[PDB]
Amino acid sequence: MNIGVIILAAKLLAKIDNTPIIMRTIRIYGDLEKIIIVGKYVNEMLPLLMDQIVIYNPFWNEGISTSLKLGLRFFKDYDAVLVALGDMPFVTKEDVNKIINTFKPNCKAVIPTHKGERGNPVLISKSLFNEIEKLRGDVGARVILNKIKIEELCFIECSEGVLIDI
Amino acid sequence: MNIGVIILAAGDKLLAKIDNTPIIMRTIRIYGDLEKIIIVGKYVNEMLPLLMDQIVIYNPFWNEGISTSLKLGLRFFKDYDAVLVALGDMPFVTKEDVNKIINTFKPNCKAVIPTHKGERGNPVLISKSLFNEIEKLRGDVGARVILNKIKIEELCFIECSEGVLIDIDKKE
C-alpha cells in the first residue's frame with residue numbers, strides 16, 4: 001500500500017545509547033518510504049541526515065503547517081502518509097505495524113493510543129490531503145482530525161512510546 | 001498557470017562569487033517570484049547556508065547522476081502543468097528569456113526549448129506529458145534524452161539571448 005512517512009524536524013542531537021535521537025527516530029520507520037523535513041537546526045544535523053531525502057523548510061518559523069504541506073507534496077499520490085515527529089525516538093516498530101495494519105477501508109485516519117491518551121505518529125489517509133492543504137499557521141494533525149466524524153476515525157493501542165516526546 | 005521551477009544545483013563552484021555575489025545566488029534571482037525549489041547533493045552543507053530562504057531538497061542519490069535530482073524535484077511538482085528545469089551553473093539567463101520560454105508554452109508544445117542562433121539551450125520547459133518519460137531515466141542521463149524522442153510537430157522553440165547557451169565552470 002502507498003504509505004509514506006513524513007518525519008517532522010522543524011535537543012534532536014542528544015545521544016541515547018550513543019546514537020543521536022533524530023537518528024533513532026528515523027530508523028524506527030525502517031524500510032518505509034520517508035522524508036525528513038528540517039528547518040530550525042538544519043545546519044547542525046545535516047551531515048547526520050545525508051542518507052535521507054531531506055527537505056529544508058524556509059518557512060519553518062511560520063508554524064508546523066508549512067512543514068507538513070511540503071512533506072505532503074512528495075506523497076500526494078500515496079494512499080496515506082504517516083506523520084511522525086523526529087522528537088519521539090521511543091515509538092516502537094511494532095507500534096508502527098499496529099497503526100498501519102489497523103488502517104481499514106473506511107478509515108480516514110488512524111490514531112495511536114496509550115492508557116487513555118492519543119499519541120503519534122498519526123496515520124492520515126489520502127482523503128484528507130486536500131484538507132491539510134488548506135491548513136495554515138502553527139496548526140496540524142489536531143485541526144484536521146477534528147474535521148472528521150468519529151465514525152470515520154480508527155485507532156489502536158501502542159506502547160507508551162506513542163506518547164513520550166522526550 | 002501551474003508551472004514550477006526546478007533549479008538543479010547538485011548538477012562547489014556554485015559558491016564562487018561573480019562581482020561579490022554567489023553564482024547559485026545570481027542564478028536564483030533570474031527566476032524571481034516563480035514557484036521554485038533547488039536541488040543539491042554532495043555540497044548540501046556548504047550550499048544550504050546560502051539558501052535558508054528557499055525550499056531546498058537534498059538528494060541522497062547524488063552519486064548516481066543528474067537523473068535522480070531531476071526525478072526528485074519533479075516529484076515535488078507532479079501535479080503542475082509543466083516544470084522549468086534550470087541549471088545552477090548558468091547565471092546569465094535573463095528574466096526576459098524565461099518569460100519568452102514559459103509564454104511560448106502552448107497546448108501543442110510537449111516541451112519548450114530555448115534557442116539562440118539555431119542553438120538549443122536551457123532552461124528547458126517540460127510539460128506534464130513527458131513527466132512519465134523522465135521518471136524512466138536512470139543514471140546521469142538527463143531530460144535531453146527524451147526531448148529527442150518527441151516529434152518536432154509538438155516541440156516549440158523560441159529565440160533567446162546567449163545566456164541560454166553559456167555556463168560557468170572551474171579549472172581543475
# chains A, B, ... in the order shown; residues from 1 in each chain; ligands from 1
call {"tool": "closest_atom_pairs", "arguments": {"of": "chain B", "to": "chain A", "cutoff": "9 Å", "atoms": "only C-alpha atoms", "output": "Markdown table"}}
result
| residue | atom | partner | partner_atom | distance |
| --- | --- | --- | --- | --- |
| B:41 | CA | A:50 | CA | 8.7 |
| B:42 | CA | A:50 | CA | 8.9 |
| B:44 | CA | A:46 | CA | 7.9 |
| B:45 | CA | A:46 | CA | 6.7 |
| B:48 | CA | A:43 | CA | 7.6 |
| B:49 | CA | A:43 | CA | 7.4 |
| B:51 | CA | A:58 | CA | 8.4 |
| B:52 | CA | A:58 | CA | 5.8 |
| B:53 | CA | A:58 | CA | 5.2 |
| B:54 | CA | A:58 | CA | 5.5 |
| B:55 | CA | A:57 | CA | 5.6 |
| B:56 | CA | A:56 | CA | 5.1 |
| B:57 | CA | A:55 | CA | 4.6 |
| B:58 | CA | A:54 | CA | 5.2 |
| B:59 | CA | A:53 | CA | 5.7 |
| B:60 | CA | A:51 | CA | 5.5 |
| B:61 | CA | A:51 | CA | 8.4 |
| B:72 | CA | A:74 | CA | 8.8 |
| B:75 | CA | A:74 | CA | 6.0 |
| B:76 | CA | A:74 | CA | 5.7 |
| B:77 | CA | A:73 | CA | 7.7 |
| B:78 | CA | A:73 | CA | 8.3 |
| B:79 | CA | A:76 | CA | 8.8 |
call {"tool": "write_last_selection", "arguments": {"atoms": "N, CA and C atoms", "output": "JSON list (two decimals), in the first residue's frame"}}
result
[["chain", "number", "residue", "atom", "x", "y", "z"],
["B", 41, "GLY", "N", 23.19, 18.22, -3.46],
["B", 41, "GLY", "CA", 23.64, 16.90, -3.08],
["B", 41, "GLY", "C", 24.91, 16.95, -2.27],
["B", 42, "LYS", "N", 25.99, 16.44, -2.84],
["B", 42, "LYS", "CA", 27.27, 16.40, -2.15],
["B", 42, "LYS", "C", 27.65, 17.66, -1.38],
["B", 44, "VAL", "N", 25.60, 19.97, 0.09],
["B", 44, "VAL", "CA", 24.46, 20.43, 0.87],
["B", 44, "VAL", "C", 24.92, 21.30, 2.05],
["B", 45, "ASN", "N", 25.94, 20.83, 2.76],
["B", 45, "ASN", "CA", 26.45, 21.53, 3.93],
["B", 45, "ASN", "C", 27.00, 22.92, 3.67],
["B", 48, "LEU", "N", 23.57, 25.04, 1.50],
["B", 48, "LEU", "CA", 22.45, 25.47, 2.34],
["B", 48, "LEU", "C", 22.55, 26.82, 3.06],
["B", 49, "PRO", "N", 23.68, 27.10, 3.70],
["B", 49, "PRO", "CA", 23.80, 28.38, 4.39],
["B", 49, "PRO", "C", 23.42, 29.57, 3.50],
["B", 51, "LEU", "N", 21.03, 29.33, 1.20],
["B", 51, "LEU", "CA", 19.69, 29.08, 0.69],
["B", 51, "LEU", "C", 18.62, 29.01, 1.78],
["B", 52, "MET", "N", 18.93, 29.52, 2.97],
["B", 52, "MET", "CA", 18.00, 29.49, 4.10],
["B", 52, "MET", "C", 16.65, 30.16, 3.80],
["B", 53, "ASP", "N", 16.54, 30.77, 2.62],
["B", 53, "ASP", "CA", 15.31, 31.46, 2.21],
["B", 53, "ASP", "C", 14.61, 30.76, 1.05],
["B", 54, "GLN", "N", 15.00, 29.52, 0.78],
["B", 54, "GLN", "CA", 14.41, 28.77, -0.32],
["B", 54, "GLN", "C", 14.11, 27.33, 0.12],
["B", 55, "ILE", "N", 13.19, 26.69, -0.60],
["B", 55, "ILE", "CA", 12.86, 25.29, -0.34],
["B", 55, "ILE", "C", 14.02, 24.51, -0.98],
["B", 56, "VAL", "N", 14.80, 23.81, -0.17],
["B", 56, "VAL", "CA", 15.94, 23.05, -0.66],
["B", 56, "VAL", "C", 15.78, 21.54, -0.47],
["B", 57, "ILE", "N", 15.88, 20.78, -1.55],
["B", 57, "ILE", "CA", 15.78, 19.33, -1.44],
["B", 57, "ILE", "C", 17.16, 18.71, -1.60],
["B", 58, "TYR", "N", 17.57, 17.92, -0.61],
["B", 58, "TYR", "CA", 18.86, 17.26, -0.66],
["B", 58, "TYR", "C", 18.63, 15.87, -1.24],
["B", 59, "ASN", "N", 19.39, 15.54, -2.28],
["B", 59, "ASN", "CA", 19.27, 14.24, -2.92],
["B", 59, "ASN", "C", 20.28, 13.25, -2.35],
["B", 60, "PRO", "N", 19.80, 12.19, -1.69],
["B", 60, "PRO", "CA", 20.75, 11.23, -1.14],
["B", 60, "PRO", "C", 21.41, 10.42, -2.25],
["B", 61, "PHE", "N", 20.86, 10.49, -3.45],
["B", 61, "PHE", "CA", 21.41, 9.73, -4.56],
["B", 61, "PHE", "C", 22.24, 10.58, -5.51],
["B", 72, "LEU", "N", 13.55, 13.71, -8.56],
["B", 72, "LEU", "CA", 13.26, 14.18, -7.22],
["B", 72, "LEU", "C", 12.56, 15.54, -7.17],
["B", 75, "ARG", "N", 9.19, 15.21, -8.60],
["B", 75, "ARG", "CA", 8.22, 14.63, -7.70],
["B", 75, "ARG", "C", 7.56, 15.73, -6.86],
["B", 76, "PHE", "N", 8.22, 16.87, -6.74],
["B", 76, "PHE", "CA", 7.69, 17.97, -5.95],
["B", 76, "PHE", "C", 6.64, 18.79, -6.69],
["B", 77, "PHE", "N", 6.59, 18.64, -8.02],
["B", 77, "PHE", "CA", 5.64, 19.36, -8.87],
["B", 77, "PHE", "C", 4.85, 18.39, -9.75],
["B", 78, "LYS", "N", 4.63, 17.17, -9.27],
["B", 78, "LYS", "CA", 3.93, 16.14, -10.04],
["B", 78, "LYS", "C", 2.55, 16.49, -10.60],
["B", 79, "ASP", "N", 1.85, 17.44, -9.98],
["B", 79, "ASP", "CA", 0.51, 17.81, -10.45],
["B", 79, "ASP", "C", 0.49, 19.02, -11.38]]
call {"tool": "residues_around", "arguments": {"residues": "residue 32 in chain A", "least_positions_apart": "2", "cutoff": "8 Å", "atoms": "only C-alpha atoms", "output": "short mmCIF file (atom, residue, chain, number, x, y, z; two decimals) with N, CA and C atoms, in the first residue's frame"}}
result
data_model
loop_
_atom_site.label_atom_id
_atom_site.label_comp_id
_atom_site.auth_asym_id
_atom_site.auth_seq_id
_atom_site.Cartn_x
_atom_site.Cartn_y
_atom_site.Cartn_z
N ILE A 3 2.06 3.99 1.49
CA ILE A 3 2.18 4.69 2.76
C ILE A 3 3.57 5.29 2.91
N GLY A 4 3.62 6.62 3.00
CA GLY A 4 4.88 7.33 3.15
C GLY A 4 5.00 8.12 4.44
N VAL A 5 6.09 7.90 5.16
CA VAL A 5 6.34 8.57 6.43
C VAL A 5 6.91 9.97 6.23
N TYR A 29 11.39 3.68 11.49
CA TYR A 29 10.47 3.59 10.37
C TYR A 29 11.01 2.70 9.26
N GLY A 30 12.18 2.12 9.54
CA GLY A 30 12.87 1.21 8.64
C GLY A 30 12.61 1.28 7.15
N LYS A 34 10.30 7.40 3.41
CA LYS A 34 10.18 8.52 4.33
C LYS A 34 10.88 9.77 3.82
#
call {"tool": "residues_around", "arguments": {"residues": "range 18-26 of chain A", "least_positions_apart": "4", "cutoff": "7 Å", "atoms": "only C-alpha atoms", "output": "PyMOL selection string"}}
result
chain A and resi 12-14+86-89
call {"tool": "closest_residue", "arguments": {"among": "A:69, A:149, A:27, A:11", "to": "residue 41 in chain A", "atoms": "only C-alpha atoms"}}
result
A:11
call {"tool": "residues_around", "arguments": {"residues": "residue 80 in chain B", "least_positions_apart": "5", "cutoff": "10 Å", "atoms": "only C-alpha atoms", "output": "list in words"}}
result
residues 1, 2, 3, 4, 74, 127 and 128 of chain B
call {"tool": "write_last_selection", "arguments": {"atoms": "C-alpha atoms", "output": "mmCIF file, in the first residue's frame"}}
result
data_model
loop_
_atom_site.group_PDB
_atom_site.id
_atom_site.type_symbol
_atom_site.label_atom_id
_atom_site.label_comp_id
_atom_site.auth_asym_id
_atom_site.auth_seq_id
_atom_site.Cartn_x
_atom_site.Cartn_y
_atom_site.Cartn_z
ATOM 1 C CA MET B 1 -0.763 28.564 -14.528
ATOM 2 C CA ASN B 2 0.773 25.657 -12.649
ATOM 3 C CA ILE B 3 4.433 25.952 -13.681
ATOM 4 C CA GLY B 4 7.176 25.077 -11.215
ATOM 5 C CA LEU B 74 9.914 16.555 -10.480
ATOM 6 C CA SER B 127 5.207 19.561 -19.818
ATOM 7 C CA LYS B 128 3.197 17.111 -17.709
#
call {"tool": "select_by_dssp", "arguments": {"residues": "chain A", "states": "helix (DSSP H, G or I)", "output": "VMD selection string"}}
result
chain A and resid 21 to 29 42 to 48 60 to 62 64 to 73 93 to 101 126 to 134 141 to 145 150 to 152 160 to 162
call {"tool": "residues_around", "arguments": {"residues": "residue 91 in chain A", "least_positions_apart": "4", "cutoff": "7 Å", "atoms": "only C-alpha atoms", "output": "number ranges by chain"}}
result
A: 95, 161-162
call {"tool": "atom_distance", "arguments": {"atom1": "CA of residue 83 in chain A", "atom2": "CA of residue 62 in chain A"}}
result
18.5 Å
call {"tool": "closest_residue", "arguments": {"among": "A:28, A:16, A:163, A:10", "to": "residue 138 in chain A", "atoms": "only C-alpha atoms"}}
result
A:10
call {"tool": "atom_distance", "arguments": {"atom1": "CA of residue 90 in chain A", "atom2": "CA of residue 111 in chain A"}}
result
16.4 Å
call {"tool": "residues_around", "arguments": {"residues": "residue 125 in chain B", "least_positions_apart": "4", "cutoff": "10 Å", "atoms": "only C-alpha atoms", "output": "VMD selection string"}}
result
chain B and resid 3 to 5 82 to 86 98 101 to 102 104 to 105 109 to 114 156
call {"tool": "write_last_selection", "arguments": {"atoms": "N, CA and C atoms", "output": "PDB file, in the first residue's frame"}}
result
ATOM      1  N   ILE B   3       3.088  26.184 -13.161  1.00  0.00           N
ATOM      2  CA  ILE B   3       4.433  25.952 -13.681  1.00  0.00           C
ATOM      3  C   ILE B   3       5.506  26.119 -12.605  1.00  0.00           C
ATOM      4  N   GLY B   4       6.139  25.014 -12.227  1.00  0.00           N
ATOM      5  CA  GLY B   4       7.176  25.077 -11.215  1.00  0.00           C
ATOM      6  C   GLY B   4       8.585  25.097 -11.786  1.00  0.00           C
ATOM      7  N   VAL B   5       9.499  25.710 -11.039  1.00  0.00           N
ATOM      8  CA  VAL B   5      10.895  25.805 -11.452  1.00  0.00           C
ATOM      9  C   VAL B   5      11.820  24.932 -10.592  1.00  0.00           C
ATOM     10  N   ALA B  82       3.559  22.158 -15.997  1.00  0.00           N
ATOM     11  CA  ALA B  82       4.893  21.953 -16.527  1.00  0.00           C
ATOM     12  C   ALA B  82       5.931  22.495 -15.555  1.00  0.00           C
ATOM     13  N   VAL B  83       7.167  22.018 -15.707  1.00  0.00           N
ATOM     14  CA  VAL B  83       8.287  22.470 -14.881  1.00  0.00           C
ATOM     15  C   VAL B  83       9.388  23.023 -15.781  1.00  0.00           C
ATOM     16  N   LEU B  84      10.074  24.040 -15.280  1.00  0.00           N
ATOM     17  CA  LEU B  84      11.167  24.676 -15.999  1.00  0.00           C
ATOM     18  C   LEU B  84      12.439  24.157 -15.331  1.00  0.00           C
ATOM     19  N   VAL B  85      13.210  23.338 -16.045  1.00  0.00           N
ATOM     20  CA  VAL B  85      14.433  22.778 -15.484  1.00  0.00           C
ATOM     21  C   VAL B  85      15.544  23.783 -15.690  1.00  0.00           C
ATOM     22  N   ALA B  86      16.106  24.272 -14.599  1.00  0.00           N
ATOM     23  CA  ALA B  86      17.165  25.259 -14.672  1.00  0.00           C
ATOM     24  C   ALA B  86      18.453  24.710 -14.083  1.00  0.00           C
ATOM     25  N   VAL B  98      13.296  33.850 -19.714  1.00  0.00           N
ATOM     26  CA  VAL B  98      12.349  32.936 -19.086  1.00  0.00           C
ATOM     27  C   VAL B  98      10.933  33.179 -19.572  1.00  0.00           C
ATOM     28  N   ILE B 101      10.199  31.838 -22.803  1.00  0.00           N
ATOM     29  CA  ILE B 101      10.078  30.385 -22.725  1.00  0.00           C
ATOM     30  C   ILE B 101       8.724  29.918 -22.215  1.00  0.00           C
ATOM     31  N   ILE B 102       8.367  30.323 -20.998  1.00  0.00           N
ATOM     32  CA  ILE B 102       7.093  29.900 -20.428  1.00  0.00           C
ATOM     33  C   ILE B 102       5.909  30.415 -21.221  1.00  0.00           C
ATOM     34  N   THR B 104       5.844  30.876 -24.493  1.00  0.00           N
ATOM     35  CA  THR B 104       5.745  30.079 -25.709  1.00  0.00           C
ATOM     36  C   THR B 104       5.003  28.767 -25.451  1.00  0.00           C
ATOM     37  N   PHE B 105       4.770  28.458 -24.178  1.00  0.00           N
ATOM     38  CA  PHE B 105       4.088  27.224 -23.812  1.00  0.00           C
ATOM     39  C   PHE B 105       2.634  27.202 -24.258  1.00  0.00           C
ATOM     40  N   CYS B 109       2.734  22.330 -27.586  1.00  0.00           N
ATOM     41  CA  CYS B 109       4.072  22.077 -27.053  1.00  0.00           C
ATOM     42  C   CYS B 109       4.195  21.041 -25.931  1.00  0.00           C
ATOM     43  N   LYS B 110       4.850  19.921 -26.221  1.00  0.00           N
ATOM     44  CA  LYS B 110       5.078  18.909 -25.200  1.00  0.00           C
ATOM     45  C   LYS B 110       6.340  19.353 -24.470  1.00  0.00           C
ATOM     46  N   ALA B 111       7.008  20.352 -25.044  1.00  0.00           N
ATOM     47  CA  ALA B 111       8.239  20.899 -24.487  1.00  0.00           C
ATOM     48  C   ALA B 111       8.644  22.203 -25.179  1.00  0.00           C
ATOM     49  N   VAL B 112       9.191  23.140 -24.409  1.00  0.00           N
ATOM     50  CA  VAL B 112       9.646  24.425 -24.942  1.00  0.00           C
ATOM     51  C   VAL B 112      11.163  24.491 -24.769  1.00  0.00           C
ATOM     52  N   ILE B 113      11.887  24.587 -25.879  1.00  0.00           N
ATOM     53  CA  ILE B 113      13.342  24.644 -25.829  1.00  0.00           C
ATOM     54  C   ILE B 113      13.867  26.024 -26.204  1.00  0.00           C
ATOM     55  N   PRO B 114      14.722  26.612 -25.356  1.00  0.00           N
ATOM     56  CA  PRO B 114      15.282  27.939 -25.632  1.00  0.00           C
ATOM     57  C   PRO B 114      16.267  27.845 -26.784  1.00  0.00           C
ATOM     58  N   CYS B 156       8.057  23.102 -29.371  1.00  0.00           N
ATOM     59  CA  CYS B 156       8.269  24.532 -29.600  1.00  0.00           C
ATOM     60  C   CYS B 156       9.616  25.120 -29.191  1.00  0.00           C
TER      61      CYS B 156
END
call {"tool": "closest_residue", "arguments": {"among": "B:152, B:95, B:118, B:146", "to": "residue 33 in chain B", "atoms": "only C-alpha atoms"}}
result
B:95
call {"tool": "atom_distance", "arguments": {"atom1": "CA of residue 6 in chain A", "atom2": "CA of residue 154 in chain A"}}
result
19.5 Å
call {"tool": "decode", "arguments": {"residues": "range 13-133 of chain A", "atoms": "C-alpha atoms", "output": "PDB file, in the first residue's frame"}}
result
ATOM      1  CA  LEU A  13      21.225  15.668  18.527  1.00  0.00           C
ATOM      2  CA  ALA A  14      21.142  14.307  22.065  1.00  0.00           C
ATOM      3  CA  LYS A  15      22.505  10.764  22.101  1.00  0.00           C
ATOM      4  CA  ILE A  16      20.625   7.787  23.570  1.00  0.00           C
ATOM      5  CA  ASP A  17      22.875   4.738  23.787  1.00  0.00           C
ATOM      6  CA  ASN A  18      25.432   6.532  21.572  1.00  0.00           C
ATOM      7  CA  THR A  19      23.069   7.459  18.737  1.00  0.00           C
ATOM      8  CA  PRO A  20      21.613  10.976  18.347  1.00  0.00           C
ATOM      9  CA  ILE A  21      17.867  10.918  18.903  1.00  0.00           C
ATOM     10  CA  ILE A  22      16.830  12.147  15.409  1.00  0.00           C
ATOM     11  CA  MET A  23      18.659   9.134  14.023  1.00  0.00           C
ATOM     12  CA  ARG A  24      16.947   6.754  16.434  1.00  0.00           C
ATOM     13  CA  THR A  25      13.668   8.205  15.278  1.00  0.00           C
ATOM     14  CA  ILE A  26      14.431   7.985  11.568  1.00  0.00           C
ATOM     15  CA  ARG A  27      15.272   4.291  11.729  1.00  0.00           C
ATOM     16  CA  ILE A  28      12.263   3.048  13.654  1.00  0.00           C
ATOM     17  CA  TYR A  29      10.470   3.588  10.367  1.00  0.00           C
ATOM     18  CA  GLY A  30      12.868   1.208   8.636  1.00  0.00           C
ATOM     19  CA  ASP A  31      12.009   0.023   5.130  1.00  0.00           C
ATOM     20  CA  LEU A  32       9.165   2.578   4.858  1.00  0.00           C
ATOM     21  CA  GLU A  33       9.451   5.396   2.314  1.00  0.00           C
ATOM     22  CA  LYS A  34      10.184   8.521   4.325  1.00  0.00           C
ATOM     23  CA  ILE A  35      11.221  12.144   4.023  1.00  0.00           C
ATOM     24  CA  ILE A  36      12.716  14.343   6.702  1.00  0.00           C
ATOM     25  CA  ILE A  37      11.511  17.972   6.864  1.00  0.00           C
ATOM     26  CA  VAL A  38      14.092  20.176   8.555  1.00  0.00           C
ATOM     27  CA  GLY A  39      14.246  23.818   9.496  1.00  0.00           C
ATOM     28  CA  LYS A  40      15.400  25.337  12.763  1.00  0.00           C
ATOM     29  CA  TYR A  41      18.642  23.492  13.380  1.00  0.00           C
ATOM     30  CA  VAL A  42      19.128  22.210   9.820  1.00  0.00           C
ATOM     31  CA  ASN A  43      22.851  23.107   9.552  1.00  0.00           C
ATOM     32  CA  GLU A  44      23.607  21.377  12.855  1.00  0.00           C
ATOM     33  CA  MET A  45      22.269  17.964  11.892  1.00  0.00           C
ATOM     34  CA  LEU A  46      22.554  17.963   8.108  1.00  0.00           C
ATOM     35  CA  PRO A  47      25.532  15.596   7.934  1.00  0.00           C
ATOM     36  CA  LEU A  48      23.511  13.119  10.051  1.00  0.00           C
ATOM     37  CA  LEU A  49      20.594  13.058   7.610  1.00  0.00           C
ATOM     38  CA  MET A  50      22.565  12.563   4.401  1.00  0.00           C
ATOM     39  CA  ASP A  51      21.354   9.019   3.821  1.00  0.00           C
ATOM     40  CA  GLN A  52      17.885  10.536   3.613  1.00  0.00           C
ATOM     41  CA  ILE A  53      15.780  12.620   1.232  1.00  0.00           C
ATOM     42  CA  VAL A  54      15.709  15.890   3.233  1.00  0.00           C
ATOM     43  CA  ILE A  55      13.510  18.944   2.536  1.00  0.00           C
ATOM     44  CA  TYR A  56      14.547  22.203   4.158  1.00  0.00           C
ATOM     45  CA  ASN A  57      11.548  24.349   5.058  1.00  0.00           C
ATOM     46  CA  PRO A  58      12.400  28.060   4.762  1.00  0.00           C
ATOM     47  CA  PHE A  59       9.004  28.782   6.347  1.00  0.00           C
ATOM     48  CA  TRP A  60       9.538  26.684   9.453  1.00  0.00           C
ATOM     49  CA  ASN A  61       9.160  29.708  11.739  1.00  0.00           C
ATOM     50  CA  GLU A  62       5.634  30.214  10.360  1.00  0.00           C
ATOM     51  CA  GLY A  63       4.158  27.176  12.099  1.00  0.00           C
ATOM     52  CA  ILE A  64       4.246  23.374  11.762  1.00  0.00           C
ATOM     53  CA  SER A  65       1.633  23.540   8.956  1.00  0.00           C
ATOM     54  CA  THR A  66       4.224  24.655   6.399  1.00  0.00           C
ATOM     55  CA  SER A  67       6.422  21.637   7.140  1.00  0.00           C
ATOM     56  CA  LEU A  68       3.517  19.229   6.711  1.00  0.00           C
ATOM     57  CA  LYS A  69       2.254  20.755   3.453  1.00  0.00           C
ATOM     58  CA  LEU A  70       5.708  20.384   1.890  1.00  0.00           C
ATOM     59  CA  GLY A  71       6.254  16.845   3.097  1.00  0.00           C
ATOM     60  CA  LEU A  72       2.827  16.031   1.724  1.00  0.00           C
ATOM     61  CA  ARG A  73       3.661  17.063  -1.848  1.00  0.00           C
ATOM     62  CA  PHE A  74       6.075  14.110  -2.139  1.00  0.00           C
ATOM     63  CA  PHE A  75       3.303  11.637  -1.389  1.00  0.00           C
ATOM     64  CA  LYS A  76       0.184  13.296  -2.876  1.00  0.00           C
ATOM     65  CA  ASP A  77      -0.428  10.105  -4.914  1.00  0.00           C
ATOM     66  CA  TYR A  78       0.018   7.755  -1.946  1.00  0.00           C
ATOM     67  CA  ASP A  79      -2.902   6.146  -0.128  1.00  0.00           C
ATOM     68  CA  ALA A  80      -1.856   7.780   3.141  1.00  0.00           C
ATOM     69  CA  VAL A  81       1.044   9.377   4.999  1.00  0.00           C
ATOM     70  CA  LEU A  82       2.370   8.595   8.469  1.00  0.00           C
ATOM     71  CA  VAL A  83       3.073  11.921  10.226  1.00  0.00           C
ATOM     72  CA  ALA A  84       5.903  11.222  12.617  1.00  0.00           C
ATOM     73  CA  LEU A  85       7.821  13.668  14.786  1.00  0.00           C
ATOM     74  CA  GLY A  86      11.621  13.460  14.899  1.00  0.00           C
ATOM     75  CA  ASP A  87      11.218  14.373  18.548  1.00  0.00           C
ATOM     76  CA  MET A  88       9.966  10.913  19.552  1.00  0.00           C
ATOM     77  CA  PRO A  89      12.607   8.130  19.449  1.00  0.00           C
ATOM     78  CA  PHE A  90      10.537   5.773  21.568  1.00  0.00           C
ATOM     79  CA  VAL A  91       7.782   4.939  19.110  1.00  0.00           C
ATOM     80  CA  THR A  92       8.099   1.187  18.572  1.00  0.00           C
ATOM     81  CA  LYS A  93       8.458  -0.628  15.259  1.00  0.00           C
ATOM     82  CA  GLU A  94       5.533  -2.770  16.398  1.00  0.00           C
ATOM     83  CA  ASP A  95       3.539   0.361  17.231  1.00  0.00           C
ATOM     84  CA  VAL A  96       4.067   1.286  13.589  1.00  0.00           C
ATOM     85  CA  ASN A  97       2.848  -2.036  12.224  1.00  0.00           C
ATOM     86  CA  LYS A  98      -0.151  -1.638  14.505  1.00  0.00           C
ATOM     87  CA  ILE A  99      -1.058   1.839  13.313  1.00  0.00           C
ATOM     88  CA  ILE A 100      -0.649   0.664   9.727  1.00  0.00           C
ATOM     89  CA  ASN A 101      -2.395  -2.701   9.919  1.00  0.00           C
ATOM     90  CA  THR A 102      -5.442  -1.147  11.531  1.00  0.00           C
ATOM     91  CA  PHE A 103      -5.887   1.217   8.613  1.00  0.00           C
ATOM     92  CA  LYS A 104      -9.065  -0.164   7.116  1.00  0.00           C
ATOM     93  CA  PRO A 105     -11.156   0.852   4.047  1.00  0.00           C
ATOM     94  CA  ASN A 106     -13.335   3.276   5.972  1.00  0.00           C
ATOM     95  CA  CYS A 107     -10.584   4.844   7.983  1.00  0.00           C
ATOM     96  CA  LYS A 108      -9.837   8.470   7.183  1.00  0.00           C
ATOM     97  CA  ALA A 109      -7.137   8.399   9.824  1.00  0.00           C
ATOM     98  CA  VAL A 110      -5.759   6.077  12.481  1.00  0.00           C
ATOM     99  CA  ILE A 111      -4.721   7.311  15.876  1.00  0.00           C
ATOM    100  CA  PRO A 112      -2.411   5.550  18.301  1.00  0.00           C
ATOM    101  CA  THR A 113      -3.480   5.446  21.945  1.00  0.00           C
ATOM    102  CA  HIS A 114      -1.908   4.528  25.280  1.00  0.00           C
ATOM    103  CA  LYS A 115      -3.721   4.460  28.643  1.00  0.00           C
ATOM    104  CA  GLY A 116      -6.388   6.892  27.503  1.00  0.00           C
ATOM    105  CA  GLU A 117      -4.226   9.309  25.504  1.00  0.00           C
ATOM    106  CA  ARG A 118      -3.840   9.765  21.761  1.00  0.00           C
ATOM    107  CA  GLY A 119      -0.265   9.930  20.552  1.00  0.00           C
ATOM    108  CA  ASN A 120       1.818   9.866  17.400  1.00  0.00           C
ATOM    109  CA  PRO A 121       2.569   9.005  14.710  1.00  0.00           C
ATOM    110  CA  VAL A 122      -0.849   9.740  13.213  1.00  0.00           C
ATOM    111  CA  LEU A 123      -1.812   7.794  10.061  1.00  0.00           C
ATOM    112  CA  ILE A 124      -3.670  10.190   7.705  1.00  0.00           C
ATOM    113  CA  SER A 125      -5.295   8.835   4.528  1.00  0.00           C
ATOM    114  CA  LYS A 126      -5.357  10.448   1.067  1.00  0.00           C
ATOM    115  CA  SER A 127      -8.945  11.583   1.554  1.00  0.00           C
ATOM    116  CA  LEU A 128      -7.653  14.299   3.929  1.00  0.00           C
ATOM    117  CA  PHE A 129      -4.656  15.586   1.963  1.00  0.00           C
ATOM    118  CA  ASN A 130      -6.767  18.341   0.414  1.00  0.00           C
ATOM    119  CA  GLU A 131      -7.849  19.313   3.932  1.00  0.00           C
ATOM    120  CA  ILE A 132      -4.289  19.612   5.225  1.00  0.00           C
ATOM    121  CA  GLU A 133      -3.519  21.675   2.116  1.00  0.00           C
TER     122      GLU A 133
END
